[PDB]
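*Asks:* Got a structure for you, written out below as structure tokens; questions coming shortly.
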Amino acid sequence: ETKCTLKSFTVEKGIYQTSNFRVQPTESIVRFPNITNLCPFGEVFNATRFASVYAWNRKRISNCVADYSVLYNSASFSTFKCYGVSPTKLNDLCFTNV
Amino acid sequence: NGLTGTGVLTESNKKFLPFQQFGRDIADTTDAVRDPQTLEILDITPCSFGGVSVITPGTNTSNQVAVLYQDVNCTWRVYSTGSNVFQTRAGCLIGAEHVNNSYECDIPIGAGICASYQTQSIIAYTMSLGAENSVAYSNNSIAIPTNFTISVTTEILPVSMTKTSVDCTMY
Amino acid sequence: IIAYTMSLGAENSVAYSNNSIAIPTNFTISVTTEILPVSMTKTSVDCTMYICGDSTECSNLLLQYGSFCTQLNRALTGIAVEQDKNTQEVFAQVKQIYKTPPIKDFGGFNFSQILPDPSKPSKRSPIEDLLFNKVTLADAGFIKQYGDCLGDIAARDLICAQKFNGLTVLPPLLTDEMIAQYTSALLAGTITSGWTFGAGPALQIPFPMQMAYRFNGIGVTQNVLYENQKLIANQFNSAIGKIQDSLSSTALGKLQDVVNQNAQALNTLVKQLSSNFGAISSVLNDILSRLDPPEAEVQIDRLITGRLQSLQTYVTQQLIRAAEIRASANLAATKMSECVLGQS
Amino acid sequence: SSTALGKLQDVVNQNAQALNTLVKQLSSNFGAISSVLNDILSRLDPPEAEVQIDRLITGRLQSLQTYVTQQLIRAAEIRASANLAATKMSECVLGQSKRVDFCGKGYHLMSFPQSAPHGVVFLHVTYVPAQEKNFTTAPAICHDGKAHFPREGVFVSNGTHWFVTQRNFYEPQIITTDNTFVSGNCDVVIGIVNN
Amino acid sequence: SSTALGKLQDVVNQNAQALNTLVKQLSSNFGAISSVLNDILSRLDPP
Ligand SMILES: *[C@@H]1O[C@H](CO)[C@@H](O[C@@H]2O[C@H](CO)[C@@H](O)[C@H](O)[C@H]2NC(C)=O)[C@H](O)[C@H]1NC(C)=O
Ligand SMILES: *[C@@H]1O[C@H](CO)[C@@H](O[C@@H]2O[C@H](CO)[C@@H](O)[C@H](O)[C@H]2NC(C)=O)[C@H](O)[C@H]1NC(C)=O
Ligand SMILES: *[C@@H]1O[C@H](CO)[C@@H](O[C@@H]2O[C@H](CO)[C@@H](O)[C@H](O)[C@H]2NC(C)=O)[C@H](O)[C@H]1NC(C)=O
Ligand SMILES: *[C@@H]1O[C@H](CO)[C@@H](O[C@@H]2O[C@H](CO)[C@@H](O)[C@H](O)[C@H]2NC(C)=O)[C@H](O)[C@H]1NC(C)=O
Ligand SMILES: *[C@@H]1O[C@H](CO)[C@@H](O[C@@H]2O[C@H](CO)[C@@H](O)[C@H](O)[C@H]2NC(C)=O)[C@H](O)[C@H]1NC(C)=O
Ligand SMILES: *[C@@H]1O[C@H](CO)[C@@H](O[C@@H]2O[C@H](CO)[C@@H](O)[C@H](O)[C@H]2NC(C)=O)[C@H](O)[C@H]1NC(C)=O
Ligand SMILES: *[C@@H]1O[C@H](CO)[C@@H](O[C@@H]2O[C@H](CO)[C@@H](O)[C@H](O)[C@H]2NC(C)=O)[C@H](O)[C@H]1NC(C)=O
Ligand SMILES: *[C@@H]1O[C@H](CO)[C@@H](O[C@@H]2O[C@H](CO)[C@@H](O)[C@H](O)[C@H]2NC(C)=O)[C@H](O)[C@H]1NC(C)=O
Ligand SMILES: *[C@@H]1O[C@H](CO)[C@@H](O[C@@H]2O[C@H](CO)[C@@H](O)[C@H](O)[C@H]2NC(C)=O)[C@H](O)[C@H]1NC(C)=O
Ligand SMILES: *[C@@H]1O[C@H](CO)[C@@H](O)[C@H](O)[C@H]1NC(C)=O
Ligand SMILES: *[C@@H]1O[C@H](CO)[C@@H](O)[C@H](O)[C@H]1NC(C)=O
Ligand SMILES: *[C@@H]1O[C@H](CO)[C@@H](O)[C@H](O)[C@H]1NC(C)=O
Ligand SMILES: *[C@@H]1O[C@H](CO)[C@@H](O)[C@H](O)[C@H]1NC(C)=O
């Protein structure tokens, strides 16, 4: 460590500070709430009749599981853009006010 | 709940209001969390802690070293245990043999303790302040010199350093 | 609340004439104190632990700024060894540990409040003990174990908050008992040998005769001392009693300001970890989760730059303060050689 | 000629190390895609190469700033050292100093300067007493109900006879009325002796 | 009364020059589109 922080192969007599004492993690744990149902993917994206834009609808999404892979064989999109978050971390987070 | 991290989880005494899930310290790092299944509060403490120093007699003489763990008290969070474990008010020193003598400081460990490459091995000792002396003081005794010596000593003092200039655009 | 013009001092007039002189007929022996800072706290910083923590992505991103951390630590180690050099120039002037004999016959002068107390664990003097309790440090020892602050004891104890972020305080080379031994040797030499132990071998001389030499040095004949010896001894003893009194009563502000400044600097470093520096958050774990590598790297870069400049500011101000303490320690060494080892 | 001037070599070493550290710090990306301006300016067009060049400019500017600040601090220290050297030149070389340990250990006699690379060396010639000897002493001498004090010396006794000598060199002499002066009678001085 | 106190005038000169340099350094873009906050805040929206 000292040879490498000195950028030399020779060390001269003395005492040298090295990095703090590190401990490596042994396990990995995940703790999500107890949720069983799946989110209403088929009554939001598969509705029969939508609303016009001047009186737009607003549905409340409560305690459910967000599995958006179930849509992979039912509908294509052609516009899908996220803003506060990357699309590769959608099934690894919990969302508050949906 | 999506918040990732690393550390040690322990049972807590903090008590959250029902609308709270995370707890933050002054540096704004998350240090407490409510478990989403058991609803119990946990403290999150970091994992790395404690300074480390390495004492070498120079690698042009030997690759023996001693290691000072400045936050350990052995009577462990160490890389190795070997032999010659010696406790100091500066930490736990591993790899150096404790002796009872006292010399001038060679490599200062700290808190009054020095180390040196003697007999080869590495030894650790308490530094000596100097030779002890006593003056034959009485209320009617004086000491007068009868000879002298002419002494010549050197004293070195820096007076200048190198004058440099820099071209921003070129650098 | 009142506002006024400050006064410069009491007005006085000298009765000057072309054939008038004023001659003293008595004297007073005065004892005064002078306080001088000699060292400050030696600190060290782990860049990786301060800037990144246990983040491996941040630590890999930081490898473009390793020269800056080697530079910071070089500066801090320079300061750290300079502190020990300071203490050595001030206190280690003589390398013979003189003891004072059990012959406490010093012509009537009483040196009991400044001479070592063998009834203590240390061998400090009553005066040194009174001084030791008027300066409150922040580190009672230098071994704070991991298990000792594990839980919420961290971030409620400022020292564990500093330690979990890579900020270490190293212990001084000379313990307080060694410094007390040095001052004890200086006192013993100066009261049993006068000013001769600073120029070569210590040559004993009765105290009364040394005081007569020192009276000669200021332009007063020796018979003035020898004929007023009891009065002079009593005045000296009373003045020393006045010192202890005043102290034990009520300060060492110039020595407490150093401790306060170092502690405040470290704590300011710790609180500056709550700045966004123009990023979306100040926590690496909120960025690394909810953002993917290539577009989290911009935020982590902002945080890295901010925290690096924080460390740089700290090190610069520490260098400036160390220069000032160096000047103070040089003055103290000069005063030790010229006022204690001689007569000025 | 045997075997050093460490305090004068440290200055050279520090300045050289500072300049070389400046040179190696040109290999930092500072958060850009590369540390070479020619890899950015080729493979990238002006408006979107300007962001990278801005990152590099900021980094290198702060590198220069750090260098200049540390140079200023070091120059202050060298200034203090040079002021001390000028004081020593005027007070130890151009005169004789009474300040203890200012111009060497002992009693200062004289000093000689020698020039060295980036510094000065002083050779301090001092006087060190040696071969001391024990004597009995007294503050005053009582002769005719009068107390006699030495003029510029101290009263010593070889065991049987009393002499007056100078304090820094043993040179005993007979106590006369030209060595001493009278003040008062023999009732106030504490350790007065008869002679 | 004839003809100086250069060492005392250099202090005044240095302090004045430092303050004036601070004032002129308000004309730097630092890599932005302009050095005026009112040209940025007008023609550009918050985020
Ligand atoms: C979440 O589910 C777990 C089981 O999967 C529940 O844990 C039970 O808790 C009760 C306490 O009232 C225990 O008696 C059971 O033994 C637990 N079950 C298991 C398998 O450990 C938990 O209660 C659920 N969450 C909530 C809020 O009810
Ligand atoms: C290492 O731990 C020991 C004890 O756990 C610390 O010292 C105790 O100190 C008290 C005085 O304060 C003594 O009366 C006890 O006999 C000591 N016990 C032991 C086992 O040492 C010690 O301070 C710690 N290390 C350091 C250097 O601080
Ligand atoms: C001055 O006289 C004293 C008195 O005898 C001498 O000092 C003692 O020397 C012995 C042996 O070295 C020690 O054990 C004592 O501790 C000393 N101090 C006392 C007895 O108080 C001393 O050697 C004489 N000095 C010279 C220069 O002759
Ligand atoms: C004072 O000390 C000097 C030594 O510094 C003595 O001179 C030495 O005497 C010895 C023996 O006679 C010789 O071997 C040396 O050559 C002499 N030294 C020099 C430099 O000449 C001198 O005798 C001492 N004087 C007294 C009175 O003791
Ligand atoms: C020395 O003599 C002078 C001359 O009388 C004294 O000083 C004057 O004192 C009066 C009253 O205190 C003042 O009003 C005058 O202004 C003083 N100065 C003069 C008259 O020039 C002084 O008190 C004497 N000093 C001592 C020690 O006795
Ligand atoms: C010189 O001043 C001292 C005081 O410092 C005088 O001694 C005091 O005398 C008074 C009255 O006799 C006593 O109450 C005090 O106790 C004495 N002080 C001490 C410390 O003993 C002394 O008389 C003065 N001398 C002259 C010639 O005026
Ligand atoms: C020197 O002064 C001290 C006072 O500080 C004297 O010590 C006191 O002595 C008395 C008598 O034994 C005790 O009752 C006190 O408890 C001591 N300590 C105090 C008052 O703090 C000492 O006796 C003096 N030395 C000489 C030789 O007279
Ligand atoms: C103290 O010194 C005196 C010198 O004045 C010694 O006395 C003389 O010694 C010499 C030689 O022994 C004799 O010739 C003289 O007659 C002595 N007397 C005088 C008046 O000169 C004396 O011996 C010394 N004492 C000691 C103890 O050394
Ligand atoms: C020094 O000499 C004087 C005078 O020669 C000695 O004086 C005697 O002192 C006592 C006590 O005061 C008187 O009772 C005598 O009458 C004095 N005699 C004379 C002749 O004055 C004095 O004792 C001597 N000191 C020593 C230590 O011997
Ligand atoms: C809705 O789902 C039905 C199948 O249940 C499917 O036939 C229909 O095409 C879907 N319409 C939309 C807009 O998804
Ligand atoms: C250390 O090694 C170098 C090269 O091998 C050599 O020149 C040098 O003299 C060695 N050190 C000592 C103290 O001999
Ligand atoms: C070293 O000092 C200790 C202190 O108790 C003593 O017990 C021992 O005999 C001495 N010699 C050794 C152990 O080398
Ligand atoms: C010196 O002390 C002795 C005790 O041994 C005493 O008899 C004598 O009177 C004292 N003399 C002086 C001058 O203090």
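Since chain C takes its numbers from Swiss-Prot, the residues it shows come out as 692-941, 944-1037.
So how was this one determined? The header says electron microscopy, 2.7 Å.
From the backbone N, Cα and C atoms, a Cβ is placed for every residue, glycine too.
Straight from Swiss-Prot, here's the annotation block:
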type	residues	note
DISULFID	C:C738-C:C760	disulfide bond
DISULFID	C:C743-C:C749	disulfide bond
DISULFID	C:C840-C:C851	disulfide bond
CARBOHYD	C:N709	N-linked glycosylation site
CARBOHYD	C:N717	N-linked glycosylation site
CARBOHYD	C:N801	N-linked glycosylation site
REGION	C:828-853	region 'Disordered'
REGION	C:835-855	region 'Fusion peptide 2'
*Asks:* Sort the recorded positions C:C738, C:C749, C:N801, C:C840, C:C851 by C-alpha distance from C:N709 (N-linked glycosylation site) and give me just the closest.
*Replies:* C:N801
*Asks:* Among C:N709, C:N717, C:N801, the glycosylation sites in question, whose Cβ has the most other Cβ atoms within 10 Å in this structure?
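*Replies:* Checking each of C:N709, C:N717, C:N801, the winner is C:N801.
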*Asks:* Tell me the coarse DSSP state (helix, strand, coil) of C:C851 (disulfide bond).
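*Replies:* DSSP assigns C:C851 (disulfide bond) to helix.
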*Asks:* For ligand 6, list the recorded positions among C:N709, C:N717, C:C749 whose CB atom is within a distance below 6 Å of it, in sequence order.
*Replies:* C:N717
*Asks:* On a C-alpha basis, identify the one among C:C743, C:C760, C:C840, C:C851 that is nearest to C:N717 (N-linked glycosylation site); the candidates are the disulfide-bonded residues.
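*Replies:* Going through C:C743, C:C760, C:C840, C:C851 one by one, the Cα closest to that of C:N717 (N-linked glycosylation site) is C:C851.
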*Asks:* If you draw a 10 Å sphere around the Cβ of C:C760 (disulfide bond), how many other Cβ atoms fall inside it, taking every protein chain shown into account?
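*Replies:* For C:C760 (disulfide bond), the 10 Å Cβ neighbour count is 19.
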*Asks:* Could you state the whole-number distance in Å separating the C-alpha atoms of C:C749 (disulfide bond) and C:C738 (disulfide bond)?
*Replies:* 12
*Asks:* Given the disulfide-bonded residues C:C738, C:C743, C:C760, C:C840, which one's Cα is the least distant from that of C:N801 (N-linked glycosylation site)?
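*Replies:* Result: the closest of the disulfide-bonded residues to C:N801 (N-linked glycosylation site) is C:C840.
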*Asks:* Between C:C743 (disulfide bond) and C:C760 (disulfide bond), how many Å separate their Cα atoms?
*Replies:* 13
*Asks:* Which ones in the same chain are close to C:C851 (disulfide bond), with CB under 8 Å and 6+ residues apart in sequence?
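*Replies:* In sequence order, C:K835, C:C840, C:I844, C:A845 meet the Cβ cut-off.
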*Asks:* Could you say whether, by DSSP, C:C749 (disulfide bond) belongs to a helix, a strand or a coil region?
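*Replies:* Its secondary structure by DSSP: helix.
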*Asks:* Are there any residues in the same chain, six or more apart in sequence, whose C-beta is under 8 angstroms from the C-beta of C:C738 (disulfide bond), and if so which?
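*Replies:* Set apart from C:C738 (disulfide bond) by at least 6 residues yet with Cβ under 8 Å, we have C:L753, C:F759, C:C760, C:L763, C:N764, C:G857, C:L1004.
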*Asks:* Please go through the recorded positions C:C738, C:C743, C:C760, C:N801 one by one and keep those whose C-beta falls under 6 A from any atom of ligand 7; give the result in sequence order.
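*Replies:* Once distances to ligand 7 are taken from each Cβ, C:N801 fall under 6 Å.
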